[PDB]
Every structure is written in structure tokens, then in C-alpha cells.
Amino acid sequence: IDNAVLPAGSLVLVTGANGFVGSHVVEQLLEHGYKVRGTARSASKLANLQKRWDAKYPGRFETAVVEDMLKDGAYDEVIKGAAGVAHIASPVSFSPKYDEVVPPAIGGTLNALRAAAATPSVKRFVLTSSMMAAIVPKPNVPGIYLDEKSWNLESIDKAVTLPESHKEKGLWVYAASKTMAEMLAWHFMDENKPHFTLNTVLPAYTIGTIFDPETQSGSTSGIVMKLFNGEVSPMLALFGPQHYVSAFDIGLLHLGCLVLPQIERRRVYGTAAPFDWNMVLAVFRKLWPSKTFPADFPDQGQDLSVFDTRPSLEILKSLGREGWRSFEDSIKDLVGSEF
């Protein structure tokens, strides 16, 4: 990569490397010549991915353990030697228990930033936020435009005021955890003025290859894979209308945030285009014409939101892409094709 601000072969700390998005961020860092120390809550959580990366990128990936992101100094040992940090770990269980989701989301973010601020080698930091840190869209509302000043303050209300029993409690607790963790990351930069540059990535519903189906749920792509196998996840209905994005493109957006000089202090939307669950089923039938799939769901509208993707497309074009990877190619990365 020309003009890369982290020299070739530099070490990047990636937190939550056993997770779905984290494994794609690790993959693209390794693919572009960087060494990676990936954290997980246990060595066994990364065992299969370590075997994959040892075979594909020999001697470039290393496992590191961080069991609790809330303990003080959680990342103080794993940060040593790193030129960049990608903080991707956060609770995505959709648990309705506020105290189980919001404190690790905020605590992990701030412990990672504090470790980076105390480590002179760290020059760049990328935080995985979410499109939900800006908005949880409603069906068919024209004229909504989201940009780097958009914040989901509605989620702060709903995460605390909805009863624990509400069917959407977990979704709103999750959105508030992302909103507050990202707000506090930018405030940390303003207050402490550390010697590294921050960028954030805000993915939409991420679709792509599950590298290790044996010990990776696959998050959003695991829900899609369950539907491919005829299982309607209870979590599927706990989602409103929205945009998709390729997991491969999300890997590239984090890489660009870590190494491109023209991307500084940005909130990078990973939002390719709207989609619905009947478009997913239509692509399954096209890719696997012999297979039986669930019947179409009722029409659940469309997300008409428009995002300021200028830095997102600047990153993809600087890293050799023509634009966003298509919805059909993103689903094919996950479920393949019959022929």
C-alpha cells in the first residue's frame, strides 16, 4: 500500500480476533503484509483460526488472551510492540441485561485507548462502532441523511426505559452500548490529546465468509447461514429494516483506517445498500437452484436512509476496489454456489 502510515510488517493488536468481524479485520491485515496479535477470552477460542492463519500466512499471526475488558490495565501487556490497534471486541449477544452489555462495551473501549495512549509505538487506532451508533432505521421514511455528526440518542433513552421483558430490549441495549462507547472514544481523544490518530468504522448488517464455523457463531452471517439451512433464528425478527455490507469490505475499511494518511478523525460508514430478507432468499435460490429454502417473509418495508460514505469509498478505491462488494457476491462468500 503506497504511503501507508504503518510500515510494512508492523504489528497490529486486534481485540476480539475470534469474532466474526474481528477475524475479517485480521485476515485483511495479514493479506496486506502486517503482523497481527489477536486477542480472545481464551486460547481455545482462537485455536482453529490460528491454524488457518498459520497455514495461509505462516509466522504472521499470534494468539493473546484477555478474559475481562473491564479490569483496569486489561490491555497493558498485549499493547506492547504494536504500531496500530483495532478494538473490535464488544458484546453482540443482544442480551436485554443492560449491565451485561453496556459496561464491557464502554470499559473495553476506554481500556484499549488508555493502553494505546501510554504506548509510543501506537500511531493509529481503529474502533469498530456500528451504523446503530447513528440510527436504528424505521420502514420507508424518505429524506433521512446520516453523516459524521449523527448520534443515536434515541437508543440511550430506549436502552434504559424499555422494560427488560420487551422483545426489542436487547436490540436497543446493543445500540446504546455502541453509541455511548463511540461517543466516549471521541471524548477521550479530545480530553487526553494522545499521540495516535483515531478513526471509527460503523458497519451495517455484515455478510460474508464464516472462516471457522466450528468455534465462530458468525454473528449476523450466522443468522443468514441458519436461514440458508431452513432455520429462522429468533434473532432475525429482532432486527428492523437496514443496509448490508460485505465482511471483506469491513476488513478493508479497518485496514484503510489504520494505514491511509488521508483518513484521520473520521467515522467511516460501512453501508453498501438496503436489503431485506426476501432478497436474501432470492439470492439463495439463484445460487442453489436445486435446494429448498423457506418461503418469503411478509413485506417488511425498506430502509431509505442515505449515508455519507465519502471516506468509505476513498478507502475501498485506495485499496484497489471499484466500490462496494455486491449483495449477491457477499451472500456467495457465505453460502457458495451449487455449481
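Residue numbers here begin at 1 and follow the sequence given.
- When the C-alpha B-factors of 62-70 and 26-34 are averaged, 62-70 comes out higher.
- As recorded in the PDB entry, 285-293 is the stretch of 49-57 and 285-293 with the greater mean C-alpha temperature factor.
- Highest CA B-factor among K138, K158, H187, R114, as stated in the entry: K138.
- Taking the deposited Cα B-factors for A272, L313, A43, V306, the highest one is held by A43.
- Among the modelled residues of its chain, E168 has a C-alpha B-factor that falls in the middle third according to the deposited record.
- When the modelled residues of the chain are ordered by their C-alpha B factor, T209 lands in the middle third.
- Remark: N152 belongs to the lowest third of its chain, ranked by C-alpha B-factor as recorded.
- Placement of the Cα temperature factor of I79 within the chain: highest third of the modelled residues, per the deposited record.
- In this PDB entry, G256 carries a Cα temperature factor that places it within the lowest third of its chain's modelled residues.
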